[PDB]
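Notes for the one structure printed next.
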Amino acid sequence: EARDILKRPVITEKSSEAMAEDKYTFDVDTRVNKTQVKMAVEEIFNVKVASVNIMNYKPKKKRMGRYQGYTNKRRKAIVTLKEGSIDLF
Amino acid sequence: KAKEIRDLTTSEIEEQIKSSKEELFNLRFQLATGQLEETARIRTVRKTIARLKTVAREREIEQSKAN
Amino acid sequence: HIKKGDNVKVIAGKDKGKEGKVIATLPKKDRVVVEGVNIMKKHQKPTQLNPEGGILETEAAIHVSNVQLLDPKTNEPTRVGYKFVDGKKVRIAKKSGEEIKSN
Amino acid sequence: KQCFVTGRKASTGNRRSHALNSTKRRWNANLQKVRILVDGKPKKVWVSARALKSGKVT
RNA sequence: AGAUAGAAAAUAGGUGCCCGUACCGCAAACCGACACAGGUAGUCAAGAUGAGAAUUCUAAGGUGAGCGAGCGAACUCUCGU
RNA sequence: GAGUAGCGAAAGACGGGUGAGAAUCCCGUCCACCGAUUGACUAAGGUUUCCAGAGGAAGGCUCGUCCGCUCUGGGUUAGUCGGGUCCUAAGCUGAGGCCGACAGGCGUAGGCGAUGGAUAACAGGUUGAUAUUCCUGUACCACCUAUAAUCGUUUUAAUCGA
RNA sequence: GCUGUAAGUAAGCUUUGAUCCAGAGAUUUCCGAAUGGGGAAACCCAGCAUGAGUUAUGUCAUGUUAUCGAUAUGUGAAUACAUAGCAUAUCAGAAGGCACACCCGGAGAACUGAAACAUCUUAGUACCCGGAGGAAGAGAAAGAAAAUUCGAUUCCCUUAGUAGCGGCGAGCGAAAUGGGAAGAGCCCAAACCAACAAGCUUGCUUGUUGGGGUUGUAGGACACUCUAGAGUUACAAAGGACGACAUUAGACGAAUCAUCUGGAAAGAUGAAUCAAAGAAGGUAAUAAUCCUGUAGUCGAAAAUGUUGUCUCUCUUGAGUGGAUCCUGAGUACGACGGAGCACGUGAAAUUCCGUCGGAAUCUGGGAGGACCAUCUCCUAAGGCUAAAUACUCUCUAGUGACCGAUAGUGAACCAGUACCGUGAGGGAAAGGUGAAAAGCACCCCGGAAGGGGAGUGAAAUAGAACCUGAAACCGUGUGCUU
């Protein structure tokens with residue numbers, strides 16, 4: 001726990017526009033709350049977060065060849081830390 | 001490689017599970033950021049954590065059943 | 001059945017009465033690639049991995065039913081049996097004594 | 001709806017006519033509600049009037 | 001009714017979770033098998049004329065309709081005399 | 001049947017550009033239609049059709065360089081908005097109970113259930129896609145901790161309450 | 001050698017024994033009887049205890065909390081005891097699913113046949129629900145019968161489409177005998193009992209405490225006299241301890257070479273060989289001798305069915321009198337209405353249900369198709385019971401004058417899927433390049449799709465929509481015609 005919920009970071013144009021500011025973007029597990037996220041990040045990177053925002057993305061249709069599928073459901077969190085710098089190197 | 005793990009006391013074993021879980025995080029954070037290259041390290045540490053938890057279960061289950 | 005690196009003769013195909021050393025086994029289609037056997041002419045296209053290309057002359061696989069080990073003594077095509085030396089299934093040329101498969 | 005004691009319960013059969021035309025019918029027990037002694041405490045239950053002919057204590 | 005030695009007061013610091021949020025919605029994303037002349041609750045709804053949310057033109061703002069180019073016969077359709 | 005019927009209400013013209021190809025795509029000027037609406041919102045419903053690049057087989061009643069099409073990569077941020085959280089109507093369920101050939105039906109206490117009642121955030125800026133959600137400004141509602149300027153038998157109080 | 005399909009390119013792993021294959025174990029999100037409360041399955045929202053976290057609050061983790069049922073404690077009304085009722089604790093107690101089968105019940109059609117139709121038939125069939133069990137039901141004579149006995153039951157063959165029942169219409173239709181498979185028998189109530197044990201006052205009564213003995217040669221107590229094998233499939237009922245084959249991985253396993261044609265031989269030709277193996281499938285064509293195997297033999301750490309025993313656990317066996325006593329009560333049975341018997345209410349036995357009545361106790365009771373008298377047989381009204389028998393969701397091995405892609409499953413292929421319907425439900429179409437992917441390097445026209453060379457291949461009118469490639473149909477030439 002506190003490391004199993006941060007699945008991956010998100011590197012995209014909108015996330016990096018948010019990295020110009022102190023907002024960092026992560027791909028978190030689908031069964032966590034803002035609280036559980038704040039704690040995990042401030043535990044790992046030793047940062048002090050001010051706020052965090054969460055959104056749930058629906059499974060998207062993906063056709064691979066002749067077989068249709070659906071992508072996995074996602075939950076994304078945006079942090080806006082005041083003290084610190086999550087370095088994604 | 002579960003011999004020395006049996007040789008290891010139940011304490012730092014739980015700490016080994018802990019450390020390997022940390023490593024795994026770092027590997028998958030770097031696979032995403034596209035700085036990994038050694039993508040098979042993920043499976044070896046998954047092996048390692050799996051064995052470490054199996055040994056941890058065997059450690060507590062002998063005691064539970066026998067006294 | 002034969003081994004990964006022994007020397008065998010071929011009895012099927014355009015290649016018969018010819019020796020050569022086995023280079024790969026492929027145990028799920030029962031097919032070996034011997035040396036020189038089945039020379040192929042494959043048209044490889046200029047790509048990124050392969051800068052250019054051409055007509056490669058690689059070797060193709062053949063069914064294990066088309067090759068045979070040679071008697072280490074008399075170099076004659078022979079079957080292969082087994083004997084239990086110290087409980088180990090080691091091989092015999094079936095017309096003479098022990099047959100060595102080290103590489 | 002059975003008799004608490006015996007078990008006399010209902011049964012199906014036929015109402016037959018003079019032309020032997022048949023319709024389904026039923027035959028119920030003469031079940032009467034009586035307060036008898038059950039499991040110690042008195043209780044009201046259905047009991048047939050043939051079981052009350054001789055043997056039951058109200 | 002009970003319950004209890006406690007904080008209200010005139011401050012200063014912190015904490016506030018889960019689900020929905022794109023897009024269409026008098027419509028080529030909806031109900032009509034269709035990029036269908038039908039149906040689809042509610043809110044805002046300007047100027048000139050008027051009694052008016054009528055009527056004609058226009059503002060804000062949208063749009064030129066997923067086939068065309070000719071010739072202007074018969075015969076149908078819509079319209080005027 | 002036949003290269004026949006049909007091409008699904010309507011105003012287009014022209015200059016420039018793009019391309020293998022242009023009445024049909026992009027830009028511009030003029031013209032025209034709606035305007036208690038073909039305009040702006042928001043529900044129900046549909047779910048990715050949304051945005052940026054790229055493509056042209058197929059789908060678009062023609063063509064197509066175009067698109068609600070295809071490929072790639074992206075996009076939905078709330079203590080205050082609508083719900084959950086609070087309340088209940090019509091109905092639906094219903095422990096025990098009543099009735100029932102079995103199946104089961106009915107029903108009390110109690111629950112569920114908005115189309116209703118009660119509830120604290122406004123303006124401006126902002127990108128290709130979001131914004132009472134993000135940011136700037138200023139607020140408000142609950143909750144907790146430290147402190148309190150003396151409320152004062154802790155029965156009554158500063159005041160705690162079905 | 002491996003990293004499934006399923007290709008990939010990239011990191012790896014593996015003789016220090018990987019991937020595999022068997023046995024055992026661990027983990028096993030969420031929903032679902034779903035069970036903490038709710039709910040539009042796969043989601044929300046909690047109480048309690050313990051822990052994590054925080055200065056605290058928020059937050060999190062792990063347990064626990066449904067309803068009946070049984071039992072055990074408390075507490076306890078209208079009411080005085082008491083009884084409801086409440087509250088705890090416990091309990092591998094119950095739920096639900098299914099194989100679209102077989103079995104036993106509850107309840108029960110209709111079309112149809114009668115050349116109409118109502119009795120009748122369809123048919124106690126279909127469909128419903130309730131129980132099951134691997135089998136179930138039945139089962140130790142109140143029997144069959146006229147010699148006596150299948151001496152329990154079931155099932156098969158025959159009796160036999162006979163006897164019979166039938167608006168005597170359409171139809172329906174036995175049983176005994178005899179021939180077989182398989183066979184097995186038992187336990188209780190009652191009397192009585194030294195007692196025991198409570199009531200009630202020790203006079204007795206009643207109890208499960210227990211014994212006792214369960215049967216027609218009439219059995220048992222009784223009184224005599226006498227004497228210490230079973231079995232967990234009924235016959236009480238538990239479980240360690242040794243073996244024995246078999247089954248959920250496997251191992252060994254005989255004997256062929258040459259030429260010819262070929263793209264390749266297993267074919268042809270010649271010469272051999274093995275066979276407890278010439279089952280079968282592969283292999284570049286048709287193989288007993290090339291490969292996987294086959295006959296034969298061998299083989300389990302383990303976890304199972306199974307079985308020999310050794311334990312173990314149980315424990316009375318008879319006779320003779322027969323004075324008394326006992327032998328299954330609202331029962332048999334009768335009446336009424338129905339149902340069941342092959343048997344339609346009939347002369348209607350035999351048998352069951354509802355409703356009223358209602359018996360005998362061996363010096364008795366029931367049956368022998370109205371029936372009786374006599375004879376013969378049996379001994380009800382309590383219980384248990386394996387085998388022969390029915391069926392196949394499975395698993396294992398194998399078989400087929402069964403099907404070969406409009407067939408055979410609806411389904412050879414990501415099929416109960418596209419799709420259709422609000423929903424029950426309905427429900428497709430679609431296999432084949434080659435031996436090997438060798439899947440067409442380059443060049444030429446074209447934006448591309450295509451093509452034309454060159455090359456791969458035996459073959460490319462085998463180039464991926466790919467084996468063979470018919471007909472309808474559409475074209476391009478033309479000899480003879482108009």
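Protein chains get the first letters and strands the later ones, always in sequence-line order, with residue 1 at the start of each. We use all heavy atoms of the structure for the numbers below, so side chains are in, but hydrogens, waters and symmetry mates are not.
- By the Watson-Crick or G-U wobble test, with both distances required under 3.5 Å, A121(F) and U138(F) count as a base pair.
- Neighbouring nucleotides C61(F) and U62(F) fail the stacking criterion: their six-membered base rings are not both under 5.5 Å apart at the centres and under 30° between the planes.
- Both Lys14(C) and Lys41(C) sit near RNA chain G, but only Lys14(C) has its closest nucleotide nearer the 5' end.
- Spacing of P atoms, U150(F) relative to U155(F), comes out at 25 Å, to the nearest Å.
- Ring planes of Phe29(B) and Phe45(A): tilted class, angle from 30 to 60°.
- With a glycosidic angle no further than 90° from 0, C67(E) counts as syn.
- More than 12 heavy atoms of other residues, nucleotides or ligands shown are found within 6.0 angstrom of CZ on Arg74(A).
- Each of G75(F), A78(F), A284(G) was ranked by its minimum atom distance to the side chain of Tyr57(A); first place goes to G75(F).
- With a glycosidic angle no more than 90° from 0, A318(G) adopts the syn conformation.
- No hydrogens or angles were tested; on distance alone, nothing pairs the side chain of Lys16(C) with the base of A264(G) as donor and acceptor under 3.5 Å.
- A Watson-Crick or G-U wobble pair does not link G167(G) to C204(G) when both relevant atom distances must lie under 3.5 Å.
- Closest approach to the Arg63(A) side chain among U77(F), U70(F), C356(G) is made by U70(F) (side chain taken as heavy atoms from C-beta onward).
- Between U374(G) and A380(G), neither a Watson-Crick nor a G-U wobble pair is formed under the 3.5 Å criterion for both distances.
- Under the 5.5 Å and 30° stacking definition, the step from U209(G) to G210(G) qualifies as stacked.
- Glycosidic torsion of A109(F) falls outside 90° of 0, placing the base in anti.
- The side chain of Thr12(D) lies closest to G108(G) when the candidates are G108(G), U59(G), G338(G).
- Note on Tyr57(A): it does not cluster hydrophobically with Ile54(A), by side-chain heavy-atom contacts below 4.5 Å among ILVMFWY residues.
- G56(F): glycosidic angle within 90° of 0, hence syn.
- Judged as a side chain to side chain donor-acceptor pair (under 3.5 Å), and not counting sequence neighbours, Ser65(C) has no contacts.
- Residues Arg26(D) and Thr12(D) have side chains in contact (heavy-atom distance under 4.5 Å, counting atoms from C-beta outward).
- Mapped onto RNA chain E by nearest heavy atom, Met39(A) and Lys58(A) fall at different nucleotides, with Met39(A) at the one closer to the 5' end.
- When both pairing distances are held under 3.5 Å, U62(G) makes a Watson-Crick or G-U pair with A49(G).
- Distance from the side chain of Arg50(D) is smallest to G330(G) among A284(G), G330(G), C134(F).
- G105(G) and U261(G) are not base-paired, meeting neither the Watson-Crick nor the G-U wobble geometry with both donor-acceptor distances under 3.5 Å.
- Nucleotides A288(G) and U54(G) fail to qualify as a pair under the Watson-Crick or G-U wobble definition, as the contacts are not both shorter than 3.5 Å.
- By the Watson-Crick or G-U wobble test, with both distances required under 3.5 Å, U309(G) and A405(G) do not count as a base pair.
- With both distances required under 3.5 Å, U399(G) does not pair with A160(G) in Watson-Crick or G-U wobble fashion.
- Because its glycosidic torsion is within 90° of 0, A302(G) is reported here as syn.
- Taken together, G107(F) and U478(G) do not constitute a Watson-Crick or G-U wobble pair, since the relevant N/O distances do not both lie under 3.5 Å.
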